[PDB]
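A.B. asks: Structure for the following, please:
(4 chains)
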Amino acid sequence: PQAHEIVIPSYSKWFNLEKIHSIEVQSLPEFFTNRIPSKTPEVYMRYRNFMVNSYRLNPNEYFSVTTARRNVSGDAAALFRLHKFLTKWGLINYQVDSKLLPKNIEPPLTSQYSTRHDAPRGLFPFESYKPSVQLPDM
Amino acid sequence: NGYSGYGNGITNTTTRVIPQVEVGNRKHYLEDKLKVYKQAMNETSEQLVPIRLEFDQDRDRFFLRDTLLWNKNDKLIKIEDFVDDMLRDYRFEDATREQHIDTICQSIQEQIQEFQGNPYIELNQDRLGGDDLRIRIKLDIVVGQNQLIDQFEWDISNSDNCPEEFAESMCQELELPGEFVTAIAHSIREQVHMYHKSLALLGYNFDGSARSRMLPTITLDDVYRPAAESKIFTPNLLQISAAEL
Amino acid sequence: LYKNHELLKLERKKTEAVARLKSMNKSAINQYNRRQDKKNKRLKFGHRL
Amino acid sequence: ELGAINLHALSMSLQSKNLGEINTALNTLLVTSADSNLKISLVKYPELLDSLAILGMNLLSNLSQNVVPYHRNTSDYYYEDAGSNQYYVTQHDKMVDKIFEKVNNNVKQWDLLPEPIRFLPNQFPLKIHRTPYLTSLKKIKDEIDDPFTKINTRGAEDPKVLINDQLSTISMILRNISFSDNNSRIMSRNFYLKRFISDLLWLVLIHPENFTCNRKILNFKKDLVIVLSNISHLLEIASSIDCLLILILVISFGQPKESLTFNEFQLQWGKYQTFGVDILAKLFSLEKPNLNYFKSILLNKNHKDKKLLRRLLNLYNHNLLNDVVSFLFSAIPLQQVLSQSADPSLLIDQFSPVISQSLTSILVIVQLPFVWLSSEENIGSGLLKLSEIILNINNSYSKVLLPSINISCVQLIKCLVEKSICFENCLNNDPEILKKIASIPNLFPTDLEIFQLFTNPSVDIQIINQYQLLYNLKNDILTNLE
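C.D. replies: Numbers count the residues shown, from 1 in each chain, chains lettered A, B, ... in the order given. Next up is the structure itself:
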């Protein structure tokens, strides 16, 4: 079931609840040297998706690392590390507060799209004189 | 145009500078991890630590009755910072002097300073599946409104078996949702430790039988499967009750 | 910066002497007390015989 | 301009995609430019500096490796799956899979965050780019209009210029950040920033060609030395290479043409040649047994690093630090002593004393096979006339005058005696040296001046002693000459 409108600070638009990215490993490598068998990318992803789901459930109100610690753990240390990490990356606890505005209007508006000088791809505002017709066209 | 950098944010203001307006309340920490973390935890990892926390007694006014784990092999966190984060997570009055954190970290390091992980049973000895001496682990917990008690063999001599598996397995009850399993393993790692810890005070961490209280506190050979009213301690029960704790 | 650095330098050896002198004084006092001890244990052995 | 409020853009900058990097970098540059009321405070900033240095390191790296970032066909570049796991697997049972695997058919190291800095294989030291400010006209000649300007004054139609201008902008904004307290935030502890400085240097001077516009090189040198000026504390981790780099950077300025190699700069063009000696004093005052000591080893004429060092010295061909002397001997004379008054002096006078300070300091570091003497119809020493100028000023800005004249005199005597005793110890030269020494019009204040001095000011006791011992050595040389 889905019952909320979830936004994220766009630059984060590299994260995918399905997969992992070179970003986080360079920020949390301690699950990837394959040295500590009790840790693995897999349990990492488990924790990850679990927590993000939790937050996305009722994101209007905050979510603590202590919460997850109560819920599931294999460690406090790494748990906190990654939790605060995602916090930084706003994937979690980002919409804890709401802010609004009346937004008065100005001459530029999103529904304004007219004919005017253009920086984009080519366009020809002057077509052809008379003698151009003088060609054995295709 | 739009307004978003920090929680639906504001990007349309009087054109000022604002450092990291991210706090739920005092919530921004990422500073100073990169180099230290990389250089530190690129090497082997080792034992963990169960920890209990009690501060509600009539010497101080709290709800501190929680448990959690820890890696003594870690040196990455100012423990006090972690504590304060936990406390603010407990929504307590920001005045952390009347909410004294020093006492808490004192208790913490106190508890950590009596640990060796598993003995040479792991440090130098390696017995396939351990050797013997499955303790009749007794675990009761009080979650939400219900308590649950159980007793069962669980080896102390073996390392090959970790707790959390038992946790996720006994999760297959009604729901045993989340919050439960943790404490179990914690208690588990608690329960076991002291024993060999106490046994560490002696010297059997290599050999067999010990020296006096280890005699009653053991399982036996058990050449044949048991009766119904003895193991009738192993089963489990879920009971509602008015709390008096 | 130059002056402060050179002054700390001078003091690194000001403190050096503070030590050297502190430790020599210590040895000298200990040696003197050792004399007196030997002299006493001697006189004491004699007076017992 | 306006808008442009938040600080946390660092996050987006930390992200590894071209888009975010542009979006932030450009903005925040414009930000740090504005100063009417706009400054970058320090609360939980540091993350900014880290991100910055990391970005620069990686970009400059794969640039040196000649490979464009931001666009490949790989993505989310490690494991993706939803395999057999709830939370805790890969215990004993994993080997069963092997068993399983053997019947169904019928560890790693991790690198550190940044890449290495030197020893990079492609980048092998070959002498280029030891050229003076002259290149400005090269720059002109480069920036000159021509049917082949190849100055894509527009955006990145190719990624090469993109990386170039990226690094350029980064350098600029880094400069602008560095004009306040929070220099302490930059103070030699952003190990990242220092790695950046180091490898950037190692490129800009040993620069196999990947930089488009020489003017970019000038910009880099320029804002680099500036941001150095705003450092007054430790440097030189993995020093030796960095020390030589910085020396070559400061030597970049001043016109070259034994004897002094440097025509003194006609002070109406430049202001960076200032910053040079400014730093060579400030970031060199630390007599801690590192920096001074690195330059002391530079007197000479992982482990592969050492191979590098001498590798450059012979790749700068005797000695070299004489060049540093000559450089230091610029911007002081020949204009103020050639003016119409001594008041316009005071301005550049404020600037002057650190130079003499640096000089006499390095002369503590020269007390072995050499040939050195630096008063050979090359400068003479108007230092005496200059001292007289500041003296007459005294008895007719401030707070620097007395120390300047004092250290000038000390400089004179020390260089004299050190030259003499050095070529005594070598004794490779005839006693004519004495006669040679005795043959300077710019030397040995006349005893009548000593006398009249001994009377009027009476406010220069220490200076009186300076001149006293000076004249003493003078008369000594006169006597023992015969």
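A.B. asks: how near is the residue of the stretch 51-200 of chain D found nearest chain C to residue D:42?
C.D. replies: Proximity of the stretch 51-200 of chain D to chain C (CB to the nearest CB) peaks at residue D:187, 13.5 Å away. C-betas here are computed from N, CA, C, even on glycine. Here residue D:187 is placed at a distance of 12 Å from residue D:42 (CB to CB, to the nearest Å).
A.B. asks: what's the answer for residue D:49, then?
C.D. replies: Distance of residue D:49 to residue D:42, given as CB to CB: 10 Å.
A.B. asks: Common neighbours of the two, please.
C.D. replies: Both residue D:49 and residue D:42 are contacted by residue D:185, under the criterion CB atoms under 8 Å, 6 or more residues apart in numbering or on different chains.
A.B. asks: the more surrounded of these two?
C.D. replies: Counted by other CB atoms under 10 Å in any protein chain shown, residue D:49 and residue D:42 do not tie: residue D:49 has more neighbours, with 20 against 14.
A.B. asks: number of nearby residues for residue 133?
C.D. replies: No chain in the question, so chain A it is. Residues within reach of residue A:133, counting by other CB under 10 Å, total 8.
A.B. asks: switch to chain D, that's the one I care about
C.D. replies: The number of residues packed near residue D:133 is 18, by other CB under 10 Å.
A.B. asks: quick one: it and residue D:262 touch, right?
C.D. replies: No - Residue D:133 lies out of contact with residue D:262 (CB atoms under 8 Å); the separation is 11.7 Å.
A.B. asks: Can you check which residues contact both of those two?
C.D. replies: By CB under 8 Å, 6+ apart, residue D:133 and residue D:262 have these common neighbours: D:254-255.
A.B. asks: for stretch A:65-75, the distance to its chain's centre please.
C.D. replies: 25 Å (CA atoms, centre = their mean, to the nearest Å).
A.B. asks: How about it and chain D, touching?
C.D. replies: Yes - applying CB under 8 Å from any CB of the partner chain, one finds stretch A:65-75 touching chain D at A:72, A:74.
A.B. asks: still on that earlier bit, in contact with the residue nearest to the residue of the stretch 51-200 of chain D closest to chain C when sequence neighbours are not counted: list those residues for me.
C.D. replies: Spatial nearest neighbour of residue D:187, excluding adjacent residues (CB to CB, 6 or more residues apart in numbering or on different chains): residue D:233 at 4.9 Å. By CB under 8 Å, 6+ apart, the contact set of residue D:233 is D:187-188, D:283, D:286.
A.B. asks: Quick one: name whatever helix or strand follows the lengthiest helix in chain B.
C.D. replies: Taking DSSP state H as the assignment, the helix of chain B that covers the most residues is helix B:179-200. Note on helix B:179-200: by DSSP states H and E, the next helix or strand toward the C-terminus is strand B:239-240.
A.B. asks: on contacts alone, who are the packing partners of that next one?
C.D. replies: Counting by 3 or more CB pairs under 8 Å, 6 or more residues apart in numbering or on different chains; DSSP states H and E, the packing neighbours recorded for strand B:239-240 are strand B:146-155.
A.B. asks: The strand it packs on vs helix B:179-200, what angle?
C.D. replies: Going by axes from the mean of the first three to the mean of the last three CA atoms, to 10 degrees, strand B:146-155 is angled at 40 degrees with respect to helix B:179-200.
A.B. asks: which other residues reach strand B:146-155?
C.D. replies: With CB under 8 Å, 6+ apart as the test, strand B:146-155 has contacts from B:129-130, B:132-141, B:161, B:166, B:170, B:180, B:188, B:192, B:219, B:233-241.
A.B. asks: Kindly report the same for stretch D:114-132.
C.D. replies: Under CB under 8 Å, 6+ apart, the answer for stretch D:114-132 is D:54, D:57-58, D:61, D:64-66, D:192, D:195, D:198-199, D:202-208, D:217, D:238, D:241, D:248, D:252-256, D:304-305, D:308, D:311-312, D:315-316.
A.B. asks: In that stretch, which of the residues would be classed as buried?
C.D. replies: For stretch D:114-132, the neighbour count (16 or more other CB atoms under 10 Å in any protein chain shown) marks D:114-115, D:117, D:123, D:125, D:129 as buried.
A.B. asks: Tabulate the residues you listed in JSON lines, adding columns for distance to residue B:3.
C.D. replies: JSON lines is the format used below for the buried residues of stretch D:114-132 (distance: CB to CB, whole Å):
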{"residue": "D:114", "distance to residue B:3": "35"}
{"residue": "D:115", "distance to residue B:3": "38"}
{"residue": "D:117", "distance to residue B:3": "41"}
{"residue": "D:123", "distance to residue B:3": "46"}
{"residue": "D:125", "distance to residue B:3": "52"}
{"residue": "D:129", "distance to residue B:3": "47"}
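A.B. asks: Quick check: of those residues, which lies closest to residue C:22?
C.D. replies: Checking the buried residues of stretch D:114-132 against residue C:22 with CB to CB, the nearest one is residue D:117 at 46.2 Å.
A.B. asks: so what's residue A:46 closest to, chain neighbours aside?
C.D. replies: Residue A:46's closest residue in space is residue D:87 (CB to CB, 6+ apart), at 5.2 Å.
A.B. asks: Now do the end-to-end distance for stretch D:375-383.
C.D. replies: In terms of CA to CA, to the nearest Å, the two terminal residues of stretch D:375-383 are separated by 12 Å.
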